[PDB]
Amino acid sequence: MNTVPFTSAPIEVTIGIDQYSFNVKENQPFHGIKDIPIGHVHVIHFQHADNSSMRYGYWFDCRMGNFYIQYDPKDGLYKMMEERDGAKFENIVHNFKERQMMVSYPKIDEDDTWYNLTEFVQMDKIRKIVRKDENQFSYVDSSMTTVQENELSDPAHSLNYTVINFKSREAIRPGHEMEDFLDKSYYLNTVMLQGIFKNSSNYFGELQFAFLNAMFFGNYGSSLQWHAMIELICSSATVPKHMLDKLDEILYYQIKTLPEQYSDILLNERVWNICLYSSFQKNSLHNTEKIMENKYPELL
Amino acid sequence: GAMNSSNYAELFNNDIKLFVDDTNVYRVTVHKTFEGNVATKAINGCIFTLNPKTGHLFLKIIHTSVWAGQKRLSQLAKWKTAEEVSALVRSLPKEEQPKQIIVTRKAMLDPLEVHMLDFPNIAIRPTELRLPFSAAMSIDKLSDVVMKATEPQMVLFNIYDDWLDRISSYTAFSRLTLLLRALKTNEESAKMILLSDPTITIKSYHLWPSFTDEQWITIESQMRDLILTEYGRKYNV
């Protein structure tokens with residue numbers, strides 16, 4: 001179990017940690033989150049009471065350092081920082097627990113939700129998508145653009161998702177135009193898996209990171225990335241059987257965790273009807289199909 | 001963007017552009033088999049690729065052999081169209097390659113775009129216009145050369161004959177589409193109008209009769225009247 005202390009809570013904010021969240025009041029005695037499970041990535045995020053625009057947050061892994069939160073009144077936002085002085089840090093953490101001013105990461109023991117949403121998310125791959133190598137944690141917010149979006153403007157603040165483009169030379173072998181566009185198998189398996197991602201777990205990890213960014217920040221470009229990576233599999237006639245089964249699990253938990261009221265902007269009607277009903281893989285997402293039909297029949 | 005009645009005059013500027021109509025690429029007759037099931041028999045088709053400014057027509061004859069042993073042919077026809085259109089661009093000197101290709105049917109956008117990936121600066125565009133290019137095979141000389149073909153073959157025409165020696169491309173294209181519209185709506189009557197007079201012939205290197213200017217007026221008026229008569233009939237108006 002790990003702890004992320006907060007120096008203070010100067011402004012009213014809804015704090016999220018993974019899929020959980022809490023309301024904290026302006027200058028309420030709040031000094032962090034304890035009992036955070038080691039072994040997974042985590043995301044601590046914020047929404048000020050005074051600005052329902054811009055959700056922001058920090059992805060992190062407790063095994064990579066001692067991290068804490070401190071409000072910055074010049075920049076006006078909660079910042080994540082690393083404490084290098086292990087003694088000083090256990091000392092702050094210990095005193096705040098003694099004074100019981102910390103909330104407990106509220107995990108039900110039956111629940112694998114967070115594991116299932118992050119199975120393949122690695123902190124090291126996150127740090128290549130959110131390039132900022134002076135820090136061990138990664139900032140994301142609602143407004144950050146992706147690289148592909150920047151091609152159609154500040155690169156330091158870009159989400160460097162792997163670029164997928166179905167109408168591109170990369171995706172289409174000369175001479176196999178019709179074949180490669182109707183059956184993306186070569187683009188998925190040779191170009192993307194073997195070539196760029198190296199294996200399905202990196203692909204999956206980026207797919208899951210994309211979703212969570214869409215979900216926790218409403219990041220539009222992440223939503224785009226997530227649907228593209230689903231679409232690329234569903235439109236491939238030849239997919240490793242282990243990938244299809246794991247994809248159905250991954251999507252199931254994503255759809256299951258999505259807030260009901262956000263299904264309109266966060267689910268792309270076309271991609272889903274194609275994956276579930278038209279594509280090669282229409283019959284291979286049994287769990288995902290069933291939860292989509294019983295929870296969002298309108299969308300289909 | 002899409003082409004419609006607003007930006008109609010863009011066709012006749014000096015930006016090279018081609019129209020591509022795929023309606024006659026995959027052509028079948030339907031018939032009954034001995035056991036009473038239905039079966040198709042394909043006949044030769046054509047891609048209709050037209051520069052509306054100059055009248056030049058790149059008629060690519062599509063020989064039935066291309067379908068041999070293929071499935072989902074109506075889908076394949078679109079991909080073969082795009083392949084043949086791409087090769088035509090590639091075969092043309094740079095200064096002659098088009099800046100835009102306008103497909104008459106939106107289903108050709110993806111196939112052409114994918115085949116044109118090597119030419120990212122050629123804009124592939126749909127149209128909302130209802131152009132009558134499917135009636136090209138009502139033009140006797142065009143149908144003749146398609147039906148006689150024994151092999152894939154490219155045949156070149158000027159679909160305006162020599163009209164441009166006397167009229168603008170704007171006017172030439174309005175005549176062409178009026179004639180094709182008439183042919184589309186009532187071919188027998190349209191053809192009757194064009195040929196009633198045996199003393200106005202078609203030059204061997206031409207597609208349409210050698211009408212004088214006054215006679216084109218009468219013909220255009222007769223085609224107009226035909227199209228409106230047939231419209232009343234369709235909608236009992």
# chains A, B, ... in the order shown; residues from 1 in each chain; ligands from 1
>>> closest_atom_pairs(of="chain A", to="chain B", cutoff="9 Å", atoms="only C-alpha atoms", output="JSON lines")
{"residue": "A:166", "atom": "CA", "partner": "B:114", "partner_atom": "CA", "distance": 9.0}
{"residue": "A:167", "atom": "CA", "partner": "B:114", "partner_atom": "CA", "distance": 5.9}
{"residue": "A:168", "atom": "CA", "partner": "B:117", "partner_atom": "CA", "distance": 6.7}
{"residue": "A:169", "atom": "CA", "partner": "B:117", "partner_atom": "CA", "distance": 6.6}
{"residue": "A:172", "atom": "CA", "partner": "B:114", "partner_atom": "CA", "distance": 7.7}
{"residue": "A:174", "atom": "CA", "partner": "B:115", "partner_atom": "CA", "distance": 8.5}
{"residue": "A:177", "atom": "CA", "partner": "B:115", "partner_atom": "CA", "distance": 6.5}
{"residue": "A:178", "atom": "CA", "partner": "B:79", "partner_atom": "CA", "distance": 6.3}
{"residue": "A:181", "atom": "CA", "partner": "B:114", "partner_atom": "CA", "distance": 7.9}
>>> residues_around(residues="residue 208 (chain B)", least_positions_apart="2", cutoff="9 Å", atoms="only C-alpha atoms", output="list in words")
residues 139, 159, 160, 161, 194, 201, 202, 203, 206, 210 and 211 of chain B
>>> write_last_selection(atoms="N, CA and C atoms", output="PDB file, in the first residue's frame")
ATOM      1  N   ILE B 139     -24.740   6.886 -76.939  1.00  0.00           N
ATOM      2  CA  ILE B 139     -24.034   7.491 -78.073  1.00  0.00           C
ATOM      3  C   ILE B 139     -23.487   6.379 -78.969  1.00  0.00           C
ATOM      4  N   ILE B 159     -15.671  14.707 -76.930  1.00  0.00           N
ATOM      5  CA  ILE B 159     -17.120  14.530 -76.839  1.00  0.00           C
ATOM      6  C   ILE B 159     -17.876  15.758 -77.308  1.00  0.00           C
ATOM      7  N   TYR B 160     -17.167  16.863 -77.568  1.00  0.00           N
ATOM      8  CA  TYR B 160     -17.762  18.086 -78.142  1.00  0.00           C
ATOM      9  C   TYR B 160     -17.559  18.222 -79.662  1.00  0.00           C
ATOM     10  N   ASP B 161     -16.967  17.237 -80.296  1.00  0.00           N
ATOM     11  CA  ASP B 161     -16.748  17.293 -81.742  1.00  0.00           C
ATOM     12  C   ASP B 161     -15.963  18.582 -81.892  1.00  0.00           C
ATOM     13  N   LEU B 194     -32.308  13.559 -83.055  1.00  0.00           N
ATOM     14  CA  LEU B 194     -30.978  13.832 -83.575  1.00  0.00           C
ATOM     15  C   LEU B 194     -30.838  13.394 -85.036  1.00  0.00           C
ATOM     16  N   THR B 201     -25.386  14.764 -91.519  1.00  0.00           N
ATOM     17  CA  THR B 201     -24.635  13.557 -91.193  1.00  0.00           C
ATOM     18  C   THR B 201     -23.646  13.789 -90.048  1.00  0.00           C
ATOM     19  N   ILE B 202     -23.051  12.673 -89.579  1.00  0.00           N
ATOM     20  CA  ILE B 202     -22.028  12.646 -88.546  1.00  0.00           C
ATOM     21  C   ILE B 202     -20.699  12.435 -89.243  1.00  0.00           C
ATOM     22  N   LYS B 203     -19.737  13.311 -88.988  1.00  0.00           N
ATOM     23  CA  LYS B 203     -18.432  13.196 -89.623  1.00  0.00           C
ATOM     24  C   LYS B 203     -17.807  11.919 -89.100  1.00  0.00           C
ATOM     25  N   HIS B 206     -16.408  12.256 -85.622  1.00  0.00           N
ATOM     26  CA  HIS B 206     -17.324  12.937 -84.739  1.00  0.00           C
ATOM     27  C   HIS B 206     -18.322  11.973 -84.121  1.00  0.00           C
ATOM     28  N   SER B 210     -23.377  17.134 -87.739  1.00  0.00           N
ATOM     29  CA  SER B 210     -22.837  18.436 -88.102  1.00  0.00           C
ATOM     30  C   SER B 210     -23.955  19.489 -88.231  1.00  0.00           C
ATOM     31  N   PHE B 211     -24.608  19.789 -87.117  1.00  0.00           N
ATOM     32  CA  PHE B 211     -25.644  20.810 -87.167  1.00  0.00           C
ATOM     33  C   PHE B 211     -25.022  22.188 -87.353  1.00  0.00           C
TER      34      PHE B 211
END
>>> select_by_dssp(residues="region 1-223 of chain B", states="strand (DSSP E)", output="PyMOL selection string")
chain B and resi 17-21+27-32+38-43+45-50+56-62+100-103+123-125+153-158
>>> select_by_dssp(residues="region 123-166 of chain B", states="alpha helix (DSSP H)", output="PyMOL selection string")
chain B and resi 140-148
>>> write_last_selection(atoms="N, CA and C atoms", output="JSON list (two decimals), in the first residue's frame")
[["chain", "number", "residue", "atom", "x", "y", "z"],
["B", 140, "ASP", "N", -24.07, 6.27, -80.15],
["B", 140, "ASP", "CA", -23.92, 5.07, -80.97],
["B", 140, "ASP", "C", -22.45, 4.71, -81.11],
["B", 141, "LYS", "N", -21.59, 5.68, -81.45],
["B", 141, "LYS", "CA", -20.20, 5.32, -81.71],
["B", 141, "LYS", "C", -19.50, 4.82, -80.45],
["B", 142, "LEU", "N", -19.91, 5.34, -79.28],
["B", 142, "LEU", "CA", -19.29, 4.94, -78.02],
["B", 142, "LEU", "C", -19.73, 3.51, -77.68],
["B", 143, "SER", "N", -21.01, 3.23, -77.79],
["B", 143, "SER", "CA", -21.51, 1.87, -77.55],
["B", 143, "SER", "C", -20.90, 0.84, -78.50],
["B", 144, "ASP", "N", -20.80, 1.19, -79.77],
["B", 144, "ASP", "CA", -20.15, 0.35, -80.77],
["B", 144, "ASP", "C", -18.73, -0.02, -80.37],
["B", 145, "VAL", "N", -17.91, 0.95, -80.02],
["B", 145, "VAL", "CA", -16.53, 0.57, -79.75],
["B", 145, "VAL", "C", -16.41, -0.20, -78.46],
["B", 146, "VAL", "N", -17.27, 0.05, -77.49],
["B", 146, "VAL", "CA", -17.26, -0.78, -76.30],
["B", 146, "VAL", "C", -17.67, -2.24, -76.61],
["B", 147, "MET", "N", -18.76, -2.41, -77.37],
["B", 147, "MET", "CA", -19.28, -3.76, -77.56],
["B", 147, "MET", "C", -18.39, -4.61, -78.45],
["B", 148, "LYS", "N", -17.67, -3.98, -79.38],
["B", 148, "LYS", "CA", -16.78, -4.75, -80.26],
["B", 148, "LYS", "C", -15.46, -5.16, -79.58]]
>>> closest_atom_pairs(of="region 78-131 of chain A", to="region 158-164 of chain A", cutoff="10 Å", atoms="only C-alpha atoms", output="CSV")
residue,atom,partner,partner_atom,distance
A:126,CA,A:160,CA,9.5
A:127,CA,A:160,CA,9.6
A:128,CA,A:160,CA,7.2
A:129,CA,A:160,CA,4.4
A:130,CA,A:159,CA,5.6
A:131,CA,A:160,CA,7.7
>>> closest_atom_pairs(of="region 138-223 of chain A", to="region 46-65 of chain A", cutoff="9 Å", atoms="only C-alpha atoms", output="Markdown table")
| residue | atom | partner | partner_atom | distance |
| --- | --- | --- | --- | --- |
| A:138 | CA | A:59 | CA | 5.1 |
| A:139 | CA | A:58 | CA | 4.5 |
| A:140 | CA | A:57 | CA | 5.6 |
| A:141 | CA | A:56 | CA | 4.1 |
| A:142 | CA | A:54 | CA | 5.1 |
| A:143 | CA | A:54 | CA | 6.8 |
| A:216 | CA | A:55 | CA | 7.5 |
| A:217 | CA | A:55 | CA | 5.1 |
| A:218 | CA | A:55 | CA | 7.8 |
>>> write_last_selection(atoms="C-alpha atoms", output="mmCIF file, in the first residue's frame")
data_model
loop_
_atom_site.group_PDB
_atom_site.id
_atom_site.type_symbol
_atom_site.label_atom_id
_atom_site.label_comp_id
_atom_site.auth_asym_id
_atom_site.auth_seq_id
_atom_site.Cartn_x
_atom_site.Cartn_y
_atom_site.Cartn_z
ATOM 1 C CA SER A 138 2.718 12.492 -16.614
ATOM 2 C CA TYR A 139 0.292 15.419 -16.823
ATOM 3 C CA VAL A 140 -2.799 15.208 -19.031
ATOM 4 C CA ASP A 141 -5.789 17.535 -19.403
ATOM 5 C CA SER A 142 -8.985 18.093 -21.357
ATOM 6 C CA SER A 143 -7.471 20.373 -23.938
ATOM 7 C CA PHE A 216 -11.314 11.028 -17.163
ATOM 8 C CA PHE A 217 -10.491 14.242 -19.102
ATOM 9 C CA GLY A 218 -12.904 14.238 -22.037
#
>>> residues_around(residues="residue 271 (chain A)", least_positions_apart="2", cutoff="9 Å", atoms="only C-alpha atoms", output="PyMOL selection string")
chain A and resi 227-228+230-231+234+267-269+273-276
>>> write_last_selection(atoms="C-alpha atoms", output="mmCIF file, in the first residue's frame")
data_model
loop_
_atom_site.group_PDB
_atom_site.id
_atom_site.type_symbol
_atom_site.label_atom_id
_atom_site.label_comp_id
_atom_site.auth_asym_id
_atom_site.auth_seq_id
_atom_site.Cartn_x
_atom_site.Cartn_y
_atom_site.Cartn_z
ATOM 1 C CA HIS A 227 -11.709 4.186 -31.637
ATOM 2 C CA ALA A 228 -9.076 3.989 -34.348
ATOM 3 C CA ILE A 230 -10.451 -0.783 -31.997
ATOM 4 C CA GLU A 231 -11.437 -0.149 -35.639
ATOM 5 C CA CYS A 234 -12.263 -5.206 -36.094
ATOM 6 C CA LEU A 267 -18.895 6.331 -28.312
ATOM 7 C CA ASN A 268 -18.580 6.626 -32.073
ATOM 8 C CA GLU A 269 -21.701 5.096 -33.581
ATOM 9 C CA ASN A 273 -21.787 -0.802 -35.402
ATOM 10 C CA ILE A 274 -18.936 -1.849 -37.711
ATOM 11 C CA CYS A 275 -17.038 -3.735 -35.021
ATOM 12 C CA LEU A 276 -20.108 -5.440 -33.583
#
